Amino acid sequence: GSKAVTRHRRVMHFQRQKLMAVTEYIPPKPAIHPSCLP
Amino acid sequence: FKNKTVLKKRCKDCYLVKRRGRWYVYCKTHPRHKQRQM
Amino acid sequence: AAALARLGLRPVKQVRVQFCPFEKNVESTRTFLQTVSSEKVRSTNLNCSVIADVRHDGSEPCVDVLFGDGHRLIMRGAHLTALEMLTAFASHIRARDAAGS
Amino acid sequence: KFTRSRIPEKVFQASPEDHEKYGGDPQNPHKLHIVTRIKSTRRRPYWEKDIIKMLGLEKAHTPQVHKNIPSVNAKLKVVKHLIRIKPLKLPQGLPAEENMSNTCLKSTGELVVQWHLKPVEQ
Amino acid sequence: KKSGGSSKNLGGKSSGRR
Amino acid sequence: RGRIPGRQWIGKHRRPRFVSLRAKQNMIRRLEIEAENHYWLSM
Amino acid sequence: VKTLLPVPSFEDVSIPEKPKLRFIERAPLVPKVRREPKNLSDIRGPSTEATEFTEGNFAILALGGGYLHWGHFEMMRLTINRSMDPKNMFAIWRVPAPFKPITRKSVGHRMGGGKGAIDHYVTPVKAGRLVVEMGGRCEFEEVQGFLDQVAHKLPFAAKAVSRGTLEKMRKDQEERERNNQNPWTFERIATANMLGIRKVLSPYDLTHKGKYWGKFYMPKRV
RNA sequence: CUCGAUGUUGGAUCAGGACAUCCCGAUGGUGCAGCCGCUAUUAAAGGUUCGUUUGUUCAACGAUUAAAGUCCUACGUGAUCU
RNA sequence: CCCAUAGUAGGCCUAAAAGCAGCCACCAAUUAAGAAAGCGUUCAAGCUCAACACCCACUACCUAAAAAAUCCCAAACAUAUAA
RNA sequence: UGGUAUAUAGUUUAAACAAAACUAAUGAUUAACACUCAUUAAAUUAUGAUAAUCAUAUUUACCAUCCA
Ligand code: FES
Ligand SMILES: [K+]
Ligand SMILES: [K+]
Ligand SMILES: [K+]
Ligand SMILES: [Mg+2]
Ligand SMILES: [Mg+2]
Ligand SMILES: [Mg+2]
Ligand SMILES: [Mg+2]
Ligand SMILES: [Mg+2]
Ligand SMILES: [Mg+2]
Ligand SMILES: [Mg+2]
Ligand SMILES: [Mg+2]
Ligand SMILES: [Mg+2]
Ligand SMILES: [Mg+2]
Ligand SMILES: [Mg+2]
Ligand SMILES: [Mg+2]
Ligand SMILES: [Mg+2]
Ligand SMILES: [Mg+2]
Ligand SMILES: [Mg+2]
Ligand SMILES: [Mg+2]
Ligand SMILES: [Mg+2]
Ligand SMILES: [Mg+2]
Ligand SMILES: [Zn+2]
């Protein structure tokens with residue numbers, strides 16, 4: 001097996017991969033683009 | 001032409017142009033400044 | 001200036017710029033005068049005379065160029081940009097240069 | 001090392017917003033849970049396999065009723081990721097000896113004391 | 001095949017005292 | 001071409017697995033159930 | 001009428017007597033005899049030491065974990081000293097000299113036969129640590145160029161920062177967490193063991209909160 | 001994996017493939033005058049020698065050639081040979 | 001993009017140091033231009049930049065590749081209401 | 001190709017702040033020499049950093065080198 005700290009980016013367990021995908025930052029999206037308003 | 005991953009203008013007469021799907025540096029004053037995106 | 005100076009005024013016998021400064025449509029013609037009257041452009045050919053005529057008759061501005069070959073170029077700046085006039089002026093210079101030689 | 005998980009007590013402190021979302025009353029807590037297993041115990045530590053047995057949740061999708069008390073909730077918290085918890089609602093009160101045999105647990109969590117299998121005349 | 005060295009730490013095999 | 005060294009889903013170099021849209025929806029669907037479990041265990 | 005603005009003044013600033021970076025030795029003066037375990041946790045997670053500015057206003061900020069051997073120190077020293085203006089600039093080391101011994105076995109040897117002999121020394125670094133700090137009568141734009149050149153040559157992700165840009169970095173990360181529209185966060189799911197997720201997570205993830213993976217720091221993770 | 005056997009170097013025979021091009025083709029740069037070179041881009045259709053010593057692969061040497069390429073193919077190939 | 005005169009080749013050191021090998025100062029003429037930010041000259045010349053004028057450049061200020069050996073490798077598709 | 005060592009007057013040779021040896025010149029000595037003695041002249045492979053110690057490439061020495 002591989003150690004917890006590696007030189008390459010270690011592959012994540014799929015459950016963890018799904019965790020990361022589901023918890024990604026979602027920025028606040030305004031209803032109307034601010035550039036389209038006075 | 002020398003292949004370069006990072007294109008840099010080497011004099012004031014160097015100009016960046018995108019041709020055939022890749023970026024080139026052309027220079028008429030110093031033809032040695034010619035670069036091709038790698 | 002530099003762009004026009006690089007070509008030179010070898011085949012230009014005389015350049016005459018006529019405009020009415022009090023009018024509101026002379027900005028383009030006056031900008032043309034500033035470019036052609038530059039020290040660099042004039043230095044290319046010392047036999048070419050740049051003549052600036054200031055009139056208050058109310059007529060529209062005009063630019064008259066006389067080449068050594070005898071052909072003339074009349075550019076009316078009432079509805080022309082300085083860049084357009086300079087571009088046409090340079091083209092005729094190139095044409096009259098090859099003809100004479 | 002993988003070990004049992006201590007859940008911070010703050011996780012189980014409902015905010016005013018939660019009461020609006022789920023519709024519970026903090027001053028009138030429900031008496032009984034409806035607990036259903038919805039997730040396998042395979043690939044789970046042995047201590048979670050054991051508590052599912054203690055709660056009678058060996059068969060999935062089979063509702064079991066449990067008391068809403070600290071000791072029971074302590075077991076439910078260990079397997080909260082394997083089950084679905086809903087409050088038991090008694091719209092017509094508790095079943096009586098007369099209507100013991102005419103009850104039905106609906107999917108809404110309401111235990112009705114009459115099951116006529118007839119359309120509503122209303 | 002290279003000839004290897006040996007460990008210089010002996011002892012240290014005591015069992016737990018319970 | 002395109003071989004994965006050794007066995008596909010173990011070891012240092014593995015076949016990359018990607019998270020589909022429905023895999024995300026499946027996880028979020030179960031997160032909502034557990035979030036509600038927390039609520040009913042609070043009273 | 002192009003509008004001029006007041007130029008910043010550095011009259012209060014004072015340059016130390018030794019502005020240039022001092023020499024870092026390959027190994028400690030007294031060689032270590034006891035061989036140490038690998039202890040990779042010393043480059044894992046956020047840094048707790050040397051995270052704040054001290055004397056200067058500019059520095060190189062670590063964005064990952066890694067070990068600095070003597071070769072790196074020479075690259076940093078020669079590049080900064082050659083590029084800096086000694087009269088108006090001063091630089092100090094924000095990392096200790098190589099002190100952790102690294103063992104190596106003889107070439108071609110088999111597994112076993114005891115631990116290897118000490119070969120060289122390294123300096124462990126964690127993400128968020130200032131590696132070199134610069135100051136003096138200069139602006140960030142003056143030193144940003146050669147500081148970024150040094151940062152690119154380090155064995156870990158790094159970037160030249162200043163007192164202003166470092167504070168803006170931290171404020172942006174705090175704002176992203178506050179305005180995040182995703183109702184689900186790695187912290188909430190991990191600390192509550194939702195879905196039994198802790199069966200695939202490390203005990204360190206309770207404090208790392210998905211921002212660190214091995215020695216790598218993920219700045220866009222909230 | 002194979003020891004109720006997957007015969008072990010170099011050579012002969014016949015070669016399939018890669019291109020990170022030795023020669024031949026087409027281009028950019030040059031501290032490219034020209035003749036020769038150096039470096040890079042593109043190109044794998046075709047070609048890539050004969051000898052003395054050594055079992056040798058290599059290496060050295062002699063005489064040549066537009067060139068005497070680098071690799072993989074169970075360090076290709078012994079139910080074809082040596 | 002446009003444009004560039006001048007106390008003056010500041011003093012010092014130096015065979016020579018003229019904005020630009022080093023050391024010190026870094027003041028002043030012109031509405032405007034650093035005792036000079038980058039090239040250049042044996043030293044000078046010479047070409048730019050920061051100035052003025054003209055005048056809406058009405059700048060992004062996050063980075064950036066690819067090569068192997070029998071023969072690429074499902075076919076395809078940006079449009080009809082989340083099931 | 002690969003590492004391991006390598007360098008000091010003109011030469012020869014310990015050691016780096018430069019010691020002796022020979023050759024060179026000068027004196028003392030002899031009738032004149034040689035010998036001897038004294039004195040003088042005379043050097044650290046050159047490049048970058050630590051500040052005089054590690055590197056850097058050279059330099060020549062030194063062993064290493066299909067395979068079954
Ligand atoms: S689309 Fe509304 S401002 Fe451009
Ligand atoms: K694998
Ligand atoms: K790096
Ligand atoms: K066998
Ligand atoms: Mg492990
Ligand atoms: Mg013990
Ligand atoms: Mg024991
Ligand atoms: Mg496989
Ligand atoms: Mg058999
Ligand atoms: Mg063939
Ligand atoms: Mg090719
Ligand atoms: Mg061929
Ligand atoms: Mg074979
Ligand atoms: Mg036979
Ligand atoms: Mg066979
Ligand atoms: Mg002056
Ligand atoms: Mg002077
Ligand atoms: Mg001077
Ligand atoms: Mg000048
Ligand atoms: Mg000079
Ligand atoms: Mg300017
Ligand atoms: Mg005598
Ligand atoms: Zn150029």
# chains A, B, ... in the order shown; residues from 1 in each chain; ligands from 1
>>> interface_residues(of="chain I", to="chain G", cutoff="12 Å", atoms="only C-alpha atoms (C1' of nucleotides)", output="list in words")
residues 32, 51, 52, 53, 54 and 55 of chain I
>>> select_by_dssp(residues="region 66-169 of chain G", states="strand (DSSP E)", output="number ranges by chain")
G: 66-69, 89-93, 100-104, 117-125, 130-136, 158-162
>>> residues_around(residues="residue 21 (chain B)", least_positions_apart="4", cutoff="12 Å", atoms="only C-alpha atoms (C1' of nucleotides)", output="ChimeraX atom specification")
/B:17,36-38
>>> residues_near_ligand(ligand="ligand 9", cutoff="12 Å", atoms="only C-alpha atoms (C1' of nucleotides) and all ligand atoms", output="PDB file with N, CA and C atoms (P, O5', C5', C4', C3', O3' and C1' of nucleotides), in the first residue's frame")
ATOM      1  P     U H   2       1.500 -21.206 -10.664  1.00  0.00           P
ATOM      2  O5'   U H   2       2.532 -21.898 -11.659  1.00  0.00           O
ATOM      3  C5'   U H   2       2.078 -22.549 -12.834  1.00  0.00           C
ATOM      4  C4'   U H   2       3.169 -22.687 -13.864  1.00  0.00           C
ATOM      5  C3'   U H   2       4.440 -23.394 -13.427  1.00  0.00           C
ATOM      6  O3'   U H   2       4.308 -24.804 -13.410  1.00  0.00           O
ATOM      7  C1'   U H   2       4.981 -21.459 -14.689  1.00  0.00           C
ATOM      8  P     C H   3       4.637 -25.636 -12.079  1.00  0.00           P
ATOM      9  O5'   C H   3       6.225 -25.742 -12.062  1.00  0.00           O
ATOM     10  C5'   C H   3       6.922 -26.443 -13.079  1.00  0.00           C
ATOM     11  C4'   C H   3       8.260 -26.936 -12.591  1.00  0.00           C
ATOM     12  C3'   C H   3       8.228 -27.925 -11.437  1.00  0.00           C
ATOM     13  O3'   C H   3       8.066 -29.249 -11.916  1.00  0.00           O
ATOM     14  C1'   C H   3       9.986 -26.301 -11.172  1.00  0.00           C
ATOM     15  P     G H   4       7.060 -30.285 -11.221  1.00  0.00           P
ATOM     16  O5'   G H   4       6.301 -30.952 -12.452  1.00  0.00           O
ATOM     17  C5'   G H   4       6.928 -31.926 -13.276  1.00  0.00           C
ATOM     18  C4'   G H   4       5.917 -32.877 -13.864  1.00  0.00           C
ATOM     19  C3'   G H   4       4.744 -32.236 -14.594  1.00  0.00           C
ATOM     20  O3'   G H   4       5.038 -31.987 -15.959  1.00  0.00           O
ATOM     21  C1'   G H   4       3.986 -33.968 -13.125  1.00  0.00           C
ATOM     22  P     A H   5       5.346 -30.507 -16.495  1.00  0.00           P
ATOM     23  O5'   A H   5       6.893 -30.289 -16.170  1.00  0.00           O
ATOM     24  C5'   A H   5       7.330 -29.183 -15.389  1.00  0.00           C
ATOM     25  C4'   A H   5       8.005 -28.129 -16.232  1.00  0.00           C
ATOM     26  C3'   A H   5       7.667 -28.155 -17.722  1.00  0.00           C
ATOM     27  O3'   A H   5       7.546 -26.824 -18.213  1.00  0.00           O
ATOM     28  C1'   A H   5      10.005 -28.319 -17.431  1.00  0.00           C
ATOM     29  P     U H   6       6.184 -26.000 -17.996  1.00  0.00           P
ATOM     30  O5'   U H   6       6.417 -24.684 -18.852  1.00  0.00           O
ATOM     31  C5'   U H   6       6.212 -24.676 -20.254  1.00  0.00           C
ATOM     32  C4'   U H   6       6.821 -23.448 -20.878  1.00  0.00           C
ATOM     33  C3'   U H   6       8.336 -23.448 -21.009  1.00  0.00           C
ATOM     34  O3'   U H   6       8.800 -24.159 -22.142  1.00  0.00           O
ATOM     35  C1'   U H   6       7.645 -21.411 -20.055  1.00  0.00           C
TER      36        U H   6
END
>>> residues_around(residues="region 39-41 of chain F", least_positions_apart="2", cutoff="12 Å", atoms="only C-alpha atoms (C1' of nucleotides)", output="PyMOL selection string")
(chain D and resi 9-26+29-35+67-80+84-88) or (chain F and resi 32-37+43)
>>> write_last_selection(atoms="N, CA and C atoms", output="compact mmCIF listing (two decimals), in the first residue's frame")
# COMPACT_ATOMS: atom_id res chain seq x y z
N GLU D 9 -22.69 16.92 20.72
CA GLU D 9 -24.06 17.14 21.16
C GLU D 9 -24.72 18.29 20.41
N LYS D 10 -23.93 19.22 19.87
CA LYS D 10 -24.50 20.33 19.12
C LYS D 10 -25.24 19.84 17.88
N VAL D 11 -24.88 18.66 17.37
CA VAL D 11 -25.54 18.13 16.18
C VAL D 11 -27.02 17.92 16.43
N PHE D 12 -27.40 17.63 17.67
CA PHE D 12 -28.77 17.27 18.03
C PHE D 12 -29.47 18.39 18.79
N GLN D 13 -29.16 19.64 18.46
CA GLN D 13 -29.84 20.81 19.01
C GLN D 13 -30.51 21.54 17.86
N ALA D 14 -31.82 21.40 17.75
CA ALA D 14 -32.56 21.94 16.62
C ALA D 14 -32.68 23.46 16.73
N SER D 15 -32.51 24.13 15.60
CA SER D 15 -32.65 25.57 15.53
C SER D 15 -34.08 25.96 15.17
N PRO D 16 -34.46 27.21 15.40
CA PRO D 16 -35.82 27.63 15.03
C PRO D 16 -36.14 27.39 13.56
N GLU D 17 -35.14 27.51 12.68
CA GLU D 17 -35.37 27.26 11.26
C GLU D 17 -35.73 25.80 11.02
N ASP D 18 -35.09 24.88 11.75
CA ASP D 18 -35.38 23.46 11.57
C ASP D 18 -36.82 23.15 11.94
N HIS D 19 -37.34 23.79 12.99
CA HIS D 19 -38.72 23.54 13.39
C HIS D 19 -39.69 23.93 12.28
N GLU D 20 -39.39 25.01 11.55
CA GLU D 20 -40.24 25.41 10.44
C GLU D 20 -40.14 24.42 9.29
N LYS D 21 -38.93 23.91 9.03
CA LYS D 21 -38.73 23.03 7.88
C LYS D 21 -39.43 21.69 8.09
N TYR D 22 -39.29 21.10 9.27
CA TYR D 22 -39.79 19.75 9.52
C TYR D 22 -41.11 19.73 10.28
N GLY D 23 -41.47 20.82 10.97
CA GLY D 23 -42.79 20.94 11.55
C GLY D 23 -42.99 20.29 12.89
N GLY D 24 -41.92 20.05 13.65
CA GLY D 24 -42.06 19.53 14.99
C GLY D 24 -42.25 20.62 16.03
N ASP D 25 -42.74 20.22 17.19
CA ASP D 25 -43.00 21.15 18.29
C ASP D 25 -42.02 20.86 19.43
N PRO D 26 -41.09 21.77 19.74
CA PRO D 26 -40.13 21.47 20.82
C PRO D 26 -40.77 21.34 22.19
N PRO D 29 -42.86 17.28 22.49
CA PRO D 29 -42.12 16.26 21.75
C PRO D 29 -42.95 15.00 21.55
N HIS D 30 -42.85 14.43 20.35
CA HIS D 30 -43.54 13.18 20.06
C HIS D 30 -43.07 12.07 20.98
N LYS D 31 -43.96 11.13 21.25
CA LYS D 31 -43.68 10.09 22.24
C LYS D 31 -42.92 8.91 21.63
N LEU D 32 -43.27 8.51 20.41
CA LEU D 32 -42.74 7.28 19.82
C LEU D 32 -42.16 7.56 18.45
N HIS D 33 -41.03 6.92 18.14
CA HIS D 33 -40.47 6.95 16.80
C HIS D 33 -41.06 5.84 15.94
N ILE D 34 -41.11 6.11 14.64
CA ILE D 34 -41.20 5.07 13.62
C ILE D 34 -39.83 4.95 12.99
N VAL D 35 -39.20 3.79 13.13
CA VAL D 35 -37.82 3.59 12.68
C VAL D 35 -37.83 2.50 11.62
N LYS D 67 -39.55 3.86 21.74
CA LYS D 67 -39.80 4.97 22.65
C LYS D 67 -38.81 6.10 22.41
N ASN D 68 -39.31 7.33 22.42
CA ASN D 68 -38.47 8.51 22.22
C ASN D 68 -37.90 8.94 23.57
N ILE D 69 -36.89 8.19 24.02
CA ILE D 69 -36.24 8.44 25.30
C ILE D 69 -34.73 8.45 25.11
N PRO D 70 -34.00 9.08 26.03
CA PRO D 70 -32.54 9.20 25.85
C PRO D 70 -31.83 7.89 25.54
N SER D 71 -32.11 6.83 26.30
CA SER D 71 -31.41 5.57 26.09
C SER D 71 -31.66 5.02 24.69
N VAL D 72 -32.91 5.06 24.24
CA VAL D 72 -33.22 4.59 22.89
C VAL D 72 -32.56 5.49 21.86
N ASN D 73 -32.64 6.81 22.06
CA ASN D 73 -32.01 7.74 21.12
C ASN D 73 -30.51 7.53 21.04
N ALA D 74 -29.88 7.13 22.15
CA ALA D 74 -28.44 6.87 22.13
C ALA D 74 -28.11 5.74 21.15
N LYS D 75 -28.91 4.68 21.14
CA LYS D 75 -28.71 3.61 20.18
C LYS D 75 -28.99 4.09 18.76
N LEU D 76 -30.07 4.86 18.59
CA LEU D 76 -30.43 5.33 17.26
C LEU D 76 -29.35 6.22 16.66
N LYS D 77 -28.62 6.96 17.50
CA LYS D 77 -27.58 7.84 16.99
C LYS D 77 -26.40 7.06 16.41
N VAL D 78 -26.12 5.88 16.95
CA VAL D 78 -25.02 5.08 16.42
C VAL D 78 -25.32 4.61 15.01
N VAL D 79 -26.58 4.37 14.69
CA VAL D 79 -26.98 3.85 13.38
C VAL D 79 -27.86 4.86 12.63
N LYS D 80 -27.74 6.15 12.95
CA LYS D 80 -28.57 7.15 12.29
C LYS D 80 -28.38 7.16 10.78
N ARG D 84 -34.22 5.44 8.80
CA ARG D 84 -35.04 6.63 8.66
C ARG D 84 -35.92 6.74 9.91
N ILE D 85 -35.91 7.91 10.53
CA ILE D 85 -36.65 8.16 11.77
C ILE D 85 -37.78 9.13 11.46
N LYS D 86 -39.00 8.76 11.84
CA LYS D 86 -40.17 9.60 11.70
C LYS D 86 -41.02 9.52 12.96
N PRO D 87 -41.72 10.59 13.31
CA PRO D 87 -42.57 10.55 14.51
C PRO D 87 -43.87 9.81 14.24
N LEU D 88 -44.28 9.00 15.22
CA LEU D 88 -45.58 8.34 15.15
C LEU D 88 -46.68 9.33 15.48
N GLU F 32 -30.21 14.30 2.94
CA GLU F 32 -31.42 14.95 3.41
C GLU F 32 -32.16 14.09 4.42
N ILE F 33 -32.16 12.77 4.22
CA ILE F 33 -32.80 11.88 5.18
C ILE F 33 -32.08 11.95 6.52
N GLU F 34 -30.75 11.88 6.50
CA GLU F 34 -30.00 11.91 7.75
C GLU F 34 -30.12 13.27 8.43
N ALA F 35 -30.14 14.35 7.65
CA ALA F 35 -30.34 15.67 8.24
C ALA F 35 -31.65 15.72 9.01
N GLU F 36 -32.69 15.05 8.50
CA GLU F 36 -33.96 15.01 9.21
C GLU F 36 -33.90 14.07 10.41
N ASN F 37 -33.15 12.97 10.30
CA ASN F 37 -32.96 12.11 11.46
C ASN F 37 -32.38 12.89 12.63
N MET F 43 -35.42 16.09 20.36
CA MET F 43 -36.50 16.42 21.28
C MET F 43 -36.92 15.18 22.05
>>> residues_around(residues="residue 14 (chain B)", least_positions_apart="2", cutoff="6 Å", atoms="only C-alpha atoms (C1' of nucleotides)", output="JSON, numbers by chain")
{"B": [9, 11, 12, 26, 27]}
>>> write_last_selection(atoms="N, CA and C atoms", output="PDB file, in the first residue's frame")
ATOM      1  N   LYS B   9       7.669  37.722 -25.631  1.00  0.00           N
ATOM      2  CA  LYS B   9       8.186  38.693 -26.585  1.00  0.00           C
ATOM      3  C   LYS B   9       9.556  39.178 -26.131  1.00  0.00           C
ATOM      4  N   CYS B  11      11.551  41.472 -27.887  1.00  0.00           N
ATOM      5  CA  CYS B  11      11.841  42.844 -28.271  1.00  0.00           C
ATOM      6  C   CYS B  11      10.528  43.547 -28.577  1.00  0.00           C
ATOM      7  N   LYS B  12      10.614  44.860 -28.794  1.00  0.00           N
ATOM      8  CA  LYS B  12       9.418  45.647 -29.066  1.00  0.00           C
ATOM      9  C   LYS B  12       8.788  45.304 -30.410  1.00  0.00           C
ATOM     10  N   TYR B  26       6.169  36.265 -33.847  1.00  0.00           N
ATOM     11  CA  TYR B  26       6.853  36.643 -35.072  1.00  0.00           C
ATOM     12  C   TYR B  26       7.637  37.925 -34.833  1.00  0.00           C
ATOM     13  N   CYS B  27       8.804  38.028 -35.461  1.00  0.00           N
ATOM     14  CA  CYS B  27       9.630  39.225 -35.341  1.00  0.00           C
ATOM     15  C   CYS B  27      10.367  39.432 -36.653  1.00  0.00           C
TER      16      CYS B  27
END
>>> interface_residues(of="chain C", to="chain I", cutoff="12 Å", atoms="only C-alpha atoms (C1' of nucleotides)", output="list in words")
residues 1, 2, 3, 31, 34, 35, 38, 39 and 40 of chain C
